[PDB]
Amino acid sequence: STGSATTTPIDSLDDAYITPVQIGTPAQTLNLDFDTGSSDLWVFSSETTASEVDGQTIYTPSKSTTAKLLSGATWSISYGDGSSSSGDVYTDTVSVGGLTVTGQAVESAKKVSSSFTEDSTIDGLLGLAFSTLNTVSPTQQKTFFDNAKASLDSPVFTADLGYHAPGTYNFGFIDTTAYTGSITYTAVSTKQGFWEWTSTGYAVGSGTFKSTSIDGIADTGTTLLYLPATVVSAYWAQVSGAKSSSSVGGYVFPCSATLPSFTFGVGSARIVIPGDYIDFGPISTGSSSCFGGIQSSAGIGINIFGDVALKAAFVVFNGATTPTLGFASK
Ligand SMILES: NCCN1CCOCC1
């Protein structure tokens, strides 16, 4: 079997991507944020505290004839961005672009933090990292990908995020018309439960490529590109007037600048992120200072190849016996 769904940026800056997901019987369609950096499928629901819901579509388990309450199971998650959510668990039929999983754990939110409430376009998350990070207690649950894997024509899912435009998440197959050249596969460590790999280096604009190992995670759930302070300082030093602002919480640059591109290595191959992809608009409405798309990971503890980097490539999340990541230009 296979699945294919369109993913769309929630706003003019590509702050996040939403993909329609069918849950329950009859189908309840919610727009979820596909997250390769987490492993919980959670939704805003009829049980979420009323004051914590503002515009989101909710899952009502009581209206689903296939929903079964998972006895005594609870979930609670805290993300790297300080956001959190928690609640109870149901098992239900979940479909992504024609691909169906029966008995998927659907984590119904009883509580969400303000960051989730203020994002009216995001009805919940769909975790695509390894099932070892799933927060369901006392019995850990599997991801949608993990549940569908055996049935898939090939044990893979692909992320093809668009820049200011719709994209695609495919399950079970590789669309050879969706990229140029070849896909370069690279080793993955699943020890931290992430699609963790090692980039072979970088280049800023037309500059000389620096061969250096950068360990990081392929994370569709993170908007920006988080890299070591040395690399990020080398990038912003090419932008006239750019500086790291402690009040804003990162590198900012004059909105009138044309940004240089950023290249990252995947083995001997290179993925070029165009400069416009690194522009995240005014720091505040009407400001002439803009927020940078490449930020230091010094406060995080891990490098994150978020949407800024992933949207420049066709990305294969290969869930074979030994998982690997594949990258191609497009
Ligand atoms: N609610 C602040 C965070 N969110 C995260 C996803 O994009 C929009 C902004």
Side-chain angles (χ1 to χ4, degrees), residues 5-21 30-45 48-58 76-87 107 109 111-129 159 161-167 169 194 217-226 245 247-252 255 273 276-287 289-297 299-300 302 304-312 315:
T6 297
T7 195
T8 50
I10 64 166
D11 63 18
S12 64
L13 301 172
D14 300 347
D15 277 319
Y17 295 81
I18 51 168
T19 314
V21 181
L30 270 71
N31 297 332
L32 307 184
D33 186 345
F34 284 27
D35 186 9
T36 66
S38 76
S39 310
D40 286 45
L41 196 182
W42 76 258
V43 292
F44 275 78
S45 69
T48 312
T49 304
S51 66
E52 303 177 3
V53 179
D54 179 18
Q56 296 84 4
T57 295
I58 64 182
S76 185
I77 191 165
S78 288
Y79 297 96
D81 68 351
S83 70
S84 65
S85 48
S86 66
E107 304 166 35
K111 303 290 173 304
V112 304
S113 68
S114 57
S115 187
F116 291 115
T117 301
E118 52 186 59
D119 295 346
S120 77
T121 60
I122 301 169
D123 304 327
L125 265 64
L126 195 149
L128 296 165
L161 310 179
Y163 164 69
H164 291 349
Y169 275 100
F194 301 124
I217 66 179
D219 183 6
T220 68
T222 293
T223 310
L224 307 184
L225 172 51
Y226 294 88
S245 161
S247 65
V248 178
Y251 279 93
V252 301
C255 294
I273 301 168
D276 287 0
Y277 286 34
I278 305 163
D279 180 351
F280 274 76
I283 62 172
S284 289
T285 310
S287 176
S289 309
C290 274
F291 196 63
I294 295 169
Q295 299 294 346
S296 185
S297 65
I300 305 161
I302 207 176
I304 309 164
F305 287 89
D307 300 334
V308 164
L310 305 182
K311 79 167 96 174
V315 196

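Start at 1 with the first residue, then count along the sequence. In what follows, every heavy atom counts, from backbone to side chain, and hydrogens, waters and symmetry copies are set aside. Start at 1 and go down the list; that is how both ligands and their atoms are numbered.
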Note to self: Considering both backbone and side-chain atoms of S115, is one of its nitrogen or oxygen atoms within less than 3.5 Å of a nitrogen or oxygen in ligand 1?
What the structure shows: yes

Notebook entry, point to check: What's the shortest distance from atom 6 (C) of ligand 1 to any protein heavy atom, and which residue and atom give it?
Noted result: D119 OD2, 3.5 Å

Next item on the list: Could you please spell out the steps behind the side-chain contact (heavy atoms from CB on, under 4.5 Å) verdict for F44 and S85?
Entry: CA-CA 9 Å; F44 275 78; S85 48; over 6 Å; no

Margin query: Using side-chain contact (heavy atoms from CB on, under 4.5 Å), reason through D40 and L125 one step at a time and then give a plain yes or no.
Written below: CA-CA 7 Å; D40 286 45; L125 265 64; over 6 Å; no

Next item on the list: Can you sort out which atoms of ligand 1 are near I10, meaning under 4.0 Å from one of its heavy atoms?
Entry: 7 (O), 8 (C)

Margin query: Show me which atoms of ligand 1 lie under 4.0 Å from any heavy atom of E118.
Written below: 1 (N), 2 (C)

Note to self: Please tell me whether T49 and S51 have a donor and an acceptor in their side chains that are separated by less than 3.5 angstrom.
What the structure shows: no

Check: With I304, which of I217, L224, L225 fulfils side-chain contact (heavy atoms from CB on, under 4.5 Å)?
Finding: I217

